[PDB]
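*Asks:* Residue numbers for the sequence shown, in the deposited numbering: 6 to 38, 51 to 163.
I'd like to ask some things about the structure below.
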Amino acid sequence: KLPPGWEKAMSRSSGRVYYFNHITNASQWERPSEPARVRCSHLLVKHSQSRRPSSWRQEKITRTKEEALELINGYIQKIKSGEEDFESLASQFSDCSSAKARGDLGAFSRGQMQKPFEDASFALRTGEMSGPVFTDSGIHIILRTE
Numbered sequence: 006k007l008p009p010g011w012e013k014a015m016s017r018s019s020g021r022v023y024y025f026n027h028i029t030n031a032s033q034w035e036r037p038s051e052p053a054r055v056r057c058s059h060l061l062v063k064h065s066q067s068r069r070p071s072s073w074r075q076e077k078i079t080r081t082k083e084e085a086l087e088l089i090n091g092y093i094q095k096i097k098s099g100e101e102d103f104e105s106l107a108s109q110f111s112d113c114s115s116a117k118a119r120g121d122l123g124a125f126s127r128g129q130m131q132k133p134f135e136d137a138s139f140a141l142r143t144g145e146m147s148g149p150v151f152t153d154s155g156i157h158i159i160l161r162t163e
């Protein structure tokens, strides 16, 4: 039972059971339910410890890692509440020129991407979204589209 990476937990505030994934950092109340290639979109928030602390939006990225996590956490909130489309937030705020494609990164096999990014992408099912995903480039929201 439970697909790869998925676990069961309990809210400390309500005692209600929920489900979460260690590889993707996704979490949800609903019970969840390997290809050669996957296609994902992403939204990257960089921080001052990113490998290259620079992006098309900002010549020198100054924010802290914890500050980047709070932006990512707020963007996920906007996405899950339906206040904002994933594509609209990536186009505007992703610290990566994949923003021009609304976050699309194309299709890729294993062996190309940063490993935690790769592991998260291949643990997502088509249509699913990650929680914060930590890599040397910063913090990612990943959306698997194929």
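Cβ atoms here follow ideal geometry from the backbone N, Cα and C, with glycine treated the same way.
What number of angstroms, rounded off, separates the C-alpha of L122 from the C-alpha of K63?
*Replies:* Rounded to whole angstroms, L122 to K63 spans 17 Å at the Cα level.
*Asks:* Thinking C-alpha only, which one of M146, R127, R56 is nearest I96?
*Replies:* Comparing Cα-Cα distances from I96 to each of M146, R127, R56, the minimum goes to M146.
*Asks:* So for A31, helix, strand or coil by DSSP?
*Replies:* Coil, per DSSP.
*Asks:* Just to confirm my understanding: we take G155, look at its own chain, exclude 5 residues before and 5 after, and list those with CB closer than 7 Å. What are they?
*Replies:* Here the set comprises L61, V62, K63, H64, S67, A85, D112.
*Asks:* Between the Cα of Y23 and those of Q33, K6, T29, spot the shortest distance and give me the residue it belongs to.
*Replies:* For the residues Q33, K6, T29, the minimum Cα distance to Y23 belongs to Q33.
*Asks:* With distances taken from CA atoms, which of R56, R17, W73 is nearest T143?
*Replies:* Of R56, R17, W73, the residue nearest in Cα terms is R56.
*Asks:* Which residues in the same chain have their Cβ closer than 8 Å to the Cβ of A124, if we skip the five residues on either side of it in sequence?
*Replies:* Around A124: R54, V55, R56, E163.
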